[PDB]
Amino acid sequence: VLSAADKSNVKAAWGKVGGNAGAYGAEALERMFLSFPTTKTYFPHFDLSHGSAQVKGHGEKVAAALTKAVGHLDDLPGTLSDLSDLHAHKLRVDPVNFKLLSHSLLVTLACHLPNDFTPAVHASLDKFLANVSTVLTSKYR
């Protein structure tokens, strides 16, 4: 479903994100927790105050799992298989919540890369993030 054009744009734009992924990952979480209050019942063990160390720390982890995803686009189901388990079977995270992070994530990348966030790149990234979500919700047992 990811065309050649999509593979490149994600690669290109994520490469653009560079050493800032961590910071963006925390920004996407923030705006998620802030825009959609439900998402918080999954982190009642976090300090969710603006600027939290824990959030920043979780920002990186999410950011890192996306870098890893961007690198191994050919095999996502097998790159993120562990994550599918944790999130779906162990944490029982509602799938709709995946739509939402994806969104804040796109709001965040839009924010920080206006010149590089073109309709066609937006398009490709959305497809990327919906795919990472599809994989994450696949193991519902």
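Residue numbers run from 1 along the displayed sequence.
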Decide which of the stretches 100 to 108 and 85 to 93 has the higher mean C-alpha B-factor, going by the entry. 85 to 93
Looking at the entry, does 24 to 32 or 45 to 53 show the higher mean C-alpha B-factor? 45 to 53
Entry-reported Cα temperature factor of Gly19, expressed as the chain third it lands in: highest
Among all modelled residues of this chain, ranked by Cα B factor, put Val135 in the bottom, middle or top third, i.e. lowest, middle or highest. lowest
